[PDB]
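Any chance you can model this:
(chains A and B, ligands or ions: 1)
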Number of protein chains: 2
Amino acid sequence: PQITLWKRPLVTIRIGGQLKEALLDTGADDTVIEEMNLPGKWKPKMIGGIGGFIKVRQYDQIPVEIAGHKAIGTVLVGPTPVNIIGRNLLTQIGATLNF
Amino acid sequence: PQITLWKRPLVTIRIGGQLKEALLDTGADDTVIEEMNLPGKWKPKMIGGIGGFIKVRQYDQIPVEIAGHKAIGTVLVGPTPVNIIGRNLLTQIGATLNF
Ligand SMILES: CC(C)CCN(C[C@@H](O)[C@@H]1Cc2ccc(cc2)OCCCCCC(=O)N[C@@H](C(C)C)C(=O)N1)S(=O)(=O)c1ccc(N)cc1
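Numbers count the residues shown, from 1 in each chain, chains lettered A, B, ... in the order given. Dropping the coordinates below:
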């Protein structure tokens, strides 16, 4: 689909059998989801943003369905203000910026 | 043009007569520019992101050329690690996300 930017680009995703709302963020290298229970092992990691660094749990090879499109990749879980779909998964669904 | 997301979507912008590289960021509500001595009146503001909040100076109606496309709107100036073009200016150049 073609999404305009007058409103935040929020979309429903399905992760771990659960539905959630997430922001398609071209300015994010990675995908960071609010604290939740995800199956499998996770490694501790730190990611940075505008205000500094936060500690997150890194899950590898997790299936994520974004607006009906499938992706499988790394998902970081931690204290983020909003669920974020970053470039690692946006590239898998073939998302591009157009103007 | 069509910009893929394999790499950070950085482009050249023109602001205050200067050329800078900035990130096309669909996850940023407003545009945030690295510290620069822009003339004009401003209002203090706090914006929060992953690691927390930072204090910025809000300037209104600042002309910004993005990849040869003219836009004009609010620009926040503060200690950001990178120049960020947000939805407030992206909507002006007709930018969309497509997949
Ligand atoms: C939705 C919310 C959690 C985040 C909104 N933000 C935009 C988001 O795209 C920001 C933009 C940004 C900030 C710093 C940076 C690189 C990009 O370099 C440092 C080095 C860190 C780069 C790694 C990275 O991509 N970090 C992402 C994170 C969400 C995975 C990130 O914070 N992306 S923001 O904090 O930069 C921001 C907030 C408010 C306004 N108005 C503008 C920008």
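
CA atoms for contacts and neighbours, from now on please.
Noted.

can you pull out the helices in chain A?
Using DSSP state H, the helices found in chain A span residues A:87-90.

Can you show me the strands along it?
For chain A, the strands defined by DSSP state E occupy A:2-4, A:10-15, A:18-24, A:32-33, A:43-48, A:53-66, A:69-77, A:84-85, A:96-98.

okay if I get these as a markdown table plus mean neighbour count and distance to the ligand?
Converted to a markdown table, those look like this (neighbours: other C-alpha atoms under 10 Å in any protein chain shown; distance: least, C-alpha to the nearest ligand atom, whole Å):
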| stretch | mean neighbour count | distance to the ligand |
| --- | --- | --- |
| strand A:2-4 | 15 | 16 |
| strand A:10-15 | 17 | 11 |
| strand A:18-24 | 17 | 7 |
| strand A:32-33 | 24 | 6 |
| strand A:43-48 | 12 | 4 |
| strand A:53-66 | 17 | 8 |
| strand A:69-77 | 19 | 9 |
| strand A:84-85 | 26 | 6 |
| strand A:96-98 | 19 | 14 |
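
quick one: the closest residue to residue A:35 other than its chain neighbours from the ligand, how far?
Ranked by C-alpha to C-alpha, 6 or more residues apart in numbering or on different chains and with sequence neighbours excluded, the top spatial neighbour of residue A:35 is residue A:78, at 4.9 Å. For residue A:78, the distance to the ligand (C-alpha to the nearest ligand atom, to the nearest Å) stands at 11 Å.

Pull the contacting residues for residue A:78.
Contacts here follow C-alpha atoms under 8 Å, 6 or more residues apart in numbering or on different chains; on that basis residue A:78 touches A:32, A:33, A:34, A:35, A:54, A:55, A:56, A:57.
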